[PDB]
Amino acid sequence: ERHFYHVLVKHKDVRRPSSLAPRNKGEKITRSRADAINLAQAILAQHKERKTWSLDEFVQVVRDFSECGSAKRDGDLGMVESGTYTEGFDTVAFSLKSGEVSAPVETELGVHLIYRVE
């Protein structure tokens with residue numbers, strides 16, 4: 001069991017292309033897959049000097065950019081056992097060290113940045 005948060009950037013081709021974050025609940029997502037990848041890359045890389053991030057630092061990007069319903073709790077996914085989420089998410093998530101933020105990783109849901117709380 002490890003504790004993760006995430007930022008989710010959706011695109012038009014996901015199964016539910018609408019934001020579920022409080023900031024813009026119901027906003028239809030029309031950006032391309034490529035657009036989502038580029039956006040996730042930018043929101044991460046604007047802080048690329050960071051070896052690790054504090055929780056507050058990661059929650060800032062959740063508040064500004066995440067389109068997942070988890071944004072209603074600042075992107076908290078709680079405790080996750082390996083093998084539960086899709087393989088793409090799981091492998092990247094369980095490769096993180098404490099305080100690290102992943103590179104953009106894609107699943108059916110969209111493009112994620114994954115943060116390991118500890």
# chains A, B, ... in the order shown; residues from 1 in each chain; ligands from 1
>>> residues_around(residues="residue 111 in chain A", least_positions_apart="3", cutoff="8 Å", atoms="only C-alpha atoms", output="PyMOL selection string")
chain A and resi 8-10+36-37+40+104-107
>>> residues_around(residues="range 100-103 of chain A", least_positions_apart="2", cutoff="8 Å", atoms="only C-alpha atoms", output="PyMOL selection string")
chain A and resi 41+44+51-53+92-93+96-98+105+113-117
>>> closest_residue(among="A:99, A:63, A:118, A:24", to="residue 78 in chain A", atoms="only C-alpha atoms")
A:118
>>> atom_distance(atom1="CA of residue 38 in chain A", atom2="CA of residue 50 in chain A")
19.2 Å
>>> select_by_dssp(residues="chain A", states="alpha helix (DSSP H)", output="PyMOL selection string")
chain A and resi 33-45+55-65+87-93
>>> write_last_selection(atoms="N, CA, C and O atoms", output="short mmCIF file (atom, residue, chain, number, x, y, z; two decimals), in the first residue's frame")
data_model
loop_
_atom_site.label_atom_id
_atom_site.label_comp_id
_atom_site.auth_asym_id
_atom_site.auth_seq_id
_atom_site.Cartn_x
_atom_site.Cartn_y
_atom_site.Cartn_z
N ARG A 33 -5.54 14.31 -27.90
CA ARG A 33 -4.62 13.53 -27.10
C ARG A 33 -3.25 14.22 -27.05
O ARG A 33 -2.65 14.37 -25.99
N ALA A 34 -2.76 14.66 -28.20
CA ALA A 34 -1.48 15.34 -28.26
C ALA A 34 -1.49 16.58 -27.40
O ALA A 34 -0.50 16.87 -26.72
N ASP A 35 -2.58 17.34 -27.45
CA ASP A 35 -2.70 18.54 -26.63
C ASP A 35 -2.59 18.18 -25.14
O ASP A 35 -1.94 18.90 -24.38
N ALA A 36 -3.24 17.11 -24.71
CA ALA A 36 -3.22 16.70 -23.30
C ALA A 36 -1.80 16.31 -22.88
O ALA A 36 -1.34 16.67 -21.79
N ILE A 37 -1.09 15.57 -23.73
CA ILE A 37 0.28 15.21 -23.43
C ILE A 37 1.15 16.44 -23.30
O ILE A 37 1.93 16.55 -22.36
N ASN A 38 1.01 17.38 -24.22
CA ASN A 38 1.82 18.58 -24.16
C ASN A 38 1.49 19.42 -22.95
O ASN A 38 2.39 19.98 -22.33
N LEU A 39 0.23 19.48 -22.58
CA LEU A 39 -0.17 20.23 -21.41
C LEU A 39 0.39 19.60 -20.14
O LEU A 39 0.98 20.29 -19.31
N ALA A 40 0.22 18.29 -19.98
CA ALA A 40 0.76 17.60 -18.82
C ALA A 40 2.27 17.80 -18.71
O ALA A 40 2.82 18.01 -17.61
N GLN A 41 2.96 17.74 -19.84
CA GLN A 41 4.40 17.97 -19.85
C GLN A 41 4.74 19.36 -19.33
O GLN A 41 5.69 19.52 -18.55
N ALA A 42 4.00 20.37 -19.78
CA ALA A 42 4.29 21.74 -19.36
C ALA A 42 4.00 21.97 -17.88
O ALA A 42 4.79 22.65 -17.20
N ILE A 43 2.89 21.43 -17.37
CA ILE A 43 2.51 21.71 -15.99
C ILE A 43 3.50 21.03 -15.04
O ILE A 43 3.73 21.52 -13.92
N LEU A 44 4.09 19.93 -15.49
CA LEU A 44 5.13 19.26 -14.73
C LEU A 44 6.45 20.03 -14.84
O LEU A 44 7.10 20.38 -13.83
N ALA A 45 6.87 20.28 -16.07
CA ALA A 45 8.21 20.78 -16.34
C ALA A 45 8.43 22.23 -15.89
O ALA A 45 9.56 22.65 -15.70
N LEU A 55 3.70 18.20 -0.59
CA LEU A 55 2.29 17.98 -0.89
C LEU A 55 1.64 19.27 -1.37
O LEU A 55 0.92 19.26 -2.35
N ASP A 56 1.92 20.38 -0.68
CA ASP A 56 1.35 21.67 -1.06
C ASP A 56 1.72 22.02 -2.49
O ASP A 56 0.88 22.50 -3.26
N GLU A 57 2.97 21.79 -2.87
CA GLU A 57 3.39 22.06 -4.25
C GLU A 57 2.62 21.23 -5.28
O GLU A 57 2.22 21.73 -6.34
N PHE A 58 2.39 19.96 -4.99
CA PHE A 58 1.65 19.15 -5.93
C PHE A 58 0.17 19.54 -6.00
O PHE A 58 -0.43 19.58 -7.08
N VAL A 59 -0.42 19.82 -4.85
CA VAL A 59 -1.83 20.21 -4.77
C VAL A 59 -2.07 21.50 -5.55
O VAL A 59 -3.14 21.69 -6.12
N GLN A 60 -1.07 22.37 -5.62
CA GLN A 60 -1.18 23.57 -6.44
C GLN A 60 -1.49 23.23 -7.89
O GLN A 60 -2.39 23.83 -8.50
N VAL A 61 -0.79 22.26 -8.46
CA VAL A 61 -1.04 21.93 -9.84
C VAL A 61 -2.35 21.16 -9.99
O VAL A 61 -3.03 21.31 -11.00
N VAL A 62 -2.75 20.38 -8.99
CA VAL A 62 -4.07 19.75 -9.01
C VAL A 62 -5.16 20.82 -9.07
O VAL A 62 -6.07 20.76 -9.90
N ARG A 63 -5.06 21.80 -8.18
CA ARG A 63 -6.04 22.88 -8.12
C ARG A 63 -6.13 23.67 -9.43
O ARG A 63 -7.21 24.08 -9.82
N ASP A 64 -4.99 23.85 -10.09
CA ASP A 64 -4.94 24.67 -11.30
C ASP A 64 -5.32 23.91 -12.56
O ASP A 64 -5.85 24.50 -13.50
N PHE A 65 -5.09 22.59 -12.59
CA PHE A 65 -5.13 21.85 -13.85
C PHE A 65 -5.90 20.53 -13.85
O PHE A 65 -6.30 20.09 -14.92
N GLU A 87 -2.48 -1.27 -15.73
CA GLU A 87 -1.04 -1.56 -15.72
C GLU A 87 -0.18 -0.33 -16.01
O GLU A 87 0.89 -0.19 -15.42
N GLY A 88 -0.66 0.54 -16.89
CA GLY A 88 0.10 1.73 -17.26
C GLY A 88 0.31 2.64 -16.07
O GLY A 88 1.41 3.15 -15.85
N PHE A 89 -0.75 2.84 -15.30
CA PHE A 89 -0.72 3.69 -14.12
C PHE A 89 0.11 3.02 -13.04
O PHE A 89 1.01 3.62 -12.45
N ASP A 90 -0.22 1.76 -12.79
CA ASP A 90 0.38 1.01 -11.71
C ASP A 90 1.90 0.97 -11.80
O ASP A 90 2.58 1.20 -10.80
N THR A 91 2.44 0.69 -12.98
CA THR A 91 3.88 0.52 -13.13
C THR A 91 4.63 1.82 -12.81
O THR A 91 5.64 1.79 -12.10
N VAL A 92 4.13 2.93 -13.32
CA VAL A 92 4.75 4.24 -13.09
C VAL A 92 4.61 4.62 -11.63
O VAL A 92 5.58 5.08 -11.02
N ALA A 93 3.42 4.45 -11.07
CA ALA A 93 3.13 4.82 -9.69
C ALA A 93 4.07 4.11 -8.72
O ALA A 93 4.63 4.73 -7.82
#
>>> closest_residue(among="A:94, A:49, A:30, A:7", to="residue 81 in chain A", atoms="only C-alpha atoms")
A:94
>>> closest_residue(among="A:5, A:84, A:17, A:72", to="residue 108 in chain A", atoms="only C-alpha atoms")
A:17
>>> closest_residue(among="A:46, A:82, A:70, A:32", to="residue 2 in chain A", atoms="only C-alpha atoms")
A:82
>>> select_by_dssp(residues="chain A", states="strand (DSSP E or B)", output="number ranges by chain")
A: 2-9, 18, 28, 76-80, 101, 105-107, 110-116
>>> atom_distance(atom1="CA of residue 73 in chain A", atom2="CA of residue 3 in chain A")
13.7 Å
>>> atom_distance(atom1="CA of residue 13 in chain A", atom2="CA of residue 77 in chain A")
23.1 Å
>>> residues_around(residues="residue 69 in chain A", least_positions_apart="4", cutoff="8 Å", atoms="only C-alpha atoms", output="JSON list (two decimals) with N, CA and C atoms, in the first residue's frame")
[["chain", "number", "residue", "atom", "x", "y", "z"],
["A", 19, "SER", "N", -14.74, 17.56, -17.52],
["A", 19, "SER", "CA", -14.09, 17.75, -16.23],
["A", 19, "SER", "C", -15.05, 17.45, -15.10],
["A", 20, "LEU", "N", -14.51, 16.77, -14.08],
["A", 20, "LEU", "CA", -15.25, 16.51, -12.85],
["A", 20, "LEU", "C", -14.64, 17.24, -11.65],
["A", 21, "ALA", "N", -13.68, 18.12, -11.91],
["A", 21, "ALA", "CA", -13.07, 18.92, -10.86],
["A", 21, "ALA", "C", -14.00, 20.06, -10.45],
["A", 22, "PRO", "N", -13.95, 20.47, -9.17],
["A", 22, "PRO", "CA", -14.82, 21.56, -8.70],
["A", 22, "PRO", "C", -14.70, 22.86, -9.50],
["A", 75, "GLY", "N", -6.80, 16.01, -5.15],
["A", 75, "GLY", "CA", -6.16, 15.00, -5.96],
["A", 75, "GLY", "C", -5.78, 13.73, -5.23]]
